[PDB]
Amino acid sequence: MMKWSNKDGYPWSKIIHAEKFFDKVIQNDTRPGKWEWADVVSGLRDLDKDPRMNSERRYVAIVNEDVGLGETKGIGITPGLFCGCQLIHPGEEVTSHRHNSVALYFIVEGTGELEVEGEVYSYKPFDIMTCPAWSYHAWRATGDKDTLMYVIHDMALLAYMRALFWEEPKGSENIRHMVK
C-alpha cells in the first residue's frame, strides 16, 4: 500500500460547513450525448497509425464530458456508466487476463472466439457476451473483417472507490491494486 506518517497529525481529515459540503455535492445537469459509429470507427482506425499499437491497447472510450464533477471534463458516458469500443484485426490475440471490473460485450462487426475460464465460444455480429468479475478471458479475431465491439464496464466505479484489481498478463505476480 503506502509509506505515510501521522506524526504531524491528520491535516487531510477535516470538518467543513454544510454550505461548503452542499456547494461541492450538487452537480450541473448533463446535456444528452450522441455519438456516431463512423467517428468511433475513424478514431479506432487512427490508432493503427501508431507503430507502438497492438490489439490489447486498441480501445477508445466514449465519453460525455458534461458528466464530470464540478467544471471538470467527465469520462463516463453517463455519470455511473462507462463505455469503450475496441478493434481487433483478424489473427490478433488479446491474451488471458483478469480484473474485478466486469465487462459487457456487443459484437458490432467481425467474428472470432472468446475464451473465459477454459471455455471457447465462436462469436458473430450482434452476439452479446459477459466476462464476469475476475474471470480469465481472451480474444482472437478470425475471418476477413476486423472485430469491432461496443463494451460496457464498471472499471471506473471500482477505480473511484479504490477497489479495482487487475492482472495482466496472467500470473499472480501481475495482480495490482489499481491506484496511482
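We number the residues from 1 along the sequence you see.
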Of 44-52 vs 148-156, the stretch with the larger average CA B-factor in the entry is 44-52
Of 69-77 and 99-107, the one with larger mean CA B-factor:
69-77
Per the entry's values, where does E36 land by CA temperature factor relative to the rest of its chain, in the lowest, middle or highest third?
highest
Split into thirds by Cα B-factor across the chain's modelled residues, where does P11 land: lowest, middle or highest?
lowest
Lowest, middle or highest third: where is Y59 by C-alpha B factor in its chain?
highest
